[PDB]
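S.K.:
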Amino acid sequence: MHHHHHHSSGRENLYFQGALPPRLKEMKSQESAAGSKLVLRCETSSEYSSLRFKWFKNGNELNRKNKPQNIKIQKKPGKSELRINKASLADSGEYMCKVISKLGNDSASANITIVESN
């Protein structure tokens, strides 16, 4: 039976003195041709057992429905990447990776610029 499991057992959601915040590692502003593939690789400095990764574009939360279908979002165990396949001019803008945990929140951005290969 599809049941999520994994209880969000909170204790250190503001009193985590000693433990580090989930600091995302800075992604790159990448320029590429229309029809190319750009992978935004965003992970935390230290891996944690409760990292909720989210992708935004101009502050708009890219859910499965809000996400353009040429892009495929992959949430790996403790990291997440944004594989923008056949990236067109419609894929231009800042894609922000986000992390939501007990220890805190953090966000790294990347300006995806696409040009027509003339």
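In terms of the authors' numbering, the sequence shown is residues 1 to 118.
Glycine included, every Cβ here is placed at the ideal spot set by N, Cα and C.
Measure the CB-CB distance between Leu40 and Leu82 and report whether it falls below 8 Å.
M.R.: Here the question's residue 40 lines up with position 40 in the sequence shown. Here the question's residue 82 lines up with position 82 in the sequence shown. Yes; because the gap between Cβ atoms is below 8 Å, this pair is in contact.
S.K.: Please state if the CB of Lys75 and the CB of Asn85 are separated by a distance shorter than 8 Å.
M.R.: Taking the first residue of the sequence shown as position 1, residue 85 is located at position 85. Taking the first residue of the sequence shown as position 1, residue 75 is located at position 75. No; because the gap between Cβ atoms is not below 8 Å, this pair is not in contact.
S.K.: Just how far apart, CA to CA, sit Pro77 and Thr44?
M.R.: Counting from 1 along the sequence shown, the entry for residue 77 is found at position 77. Counting from 1 along the sequence shown, the entry for residue 44 is found at position 44. Straight-line Cα distance between these residues: approximately 11 Å.
S.K.: State buried or exposed for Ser80, treating a residue as buried only when at least 16 other CB atoms are found within 10 Å of its CB.
M.R.: Counting from one through the sequence shown, the residue named residue 80 turns up at place 80. Buried, because 16 or more other Cβ atoms sit within 10 Å of the Cβ of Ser80.
S.K.: Grouping DSSP H, G and I as helix and E and B as strand, with all else coil, what is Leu62?
M.R.: Position 62 of the sequence shown, counted from the start, is the residue given in the question as residue 62. Looking at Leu62 - three-state DSSP - the assignment turns out to be coil, as it is neither helix nor strand.
S.K.: Helix or strand or just coil, what does DSSP make of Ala108?
M.R.: Here the question's residue 108 lines up with position 108 in the sequence shown. Three-state result, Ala108: strand.
S.K.: Which residues does DSSP pair with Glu31 in a beta bridge?
M.R.: Residue numbering aside, residue 31 sits at position 31 when the sequence shown is read from its first letter. Its beta-bridge partners are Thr113.
S.K.: Cutting at 6 Å between CB atoms, please list the residues of its own chain near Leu20, excluding the five before and the five after it.
M.R.: Translated into the one-based positions of the sequence shown, residue 20 becomes position 20. Correct list, in chain order: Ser46.
S.K.: Would you report the Cα separation of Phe56 and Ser36, rounded to the nearest angstrom?
M.R.: Residue numbering aside, residue 56 sits at position 56 when the sequence shown is read from its first letter. Residue numbering aside, residue 36 sits at position 36 when the sequence shown is read from its first letter. One C-alpha to the other measures close to 21 Å.
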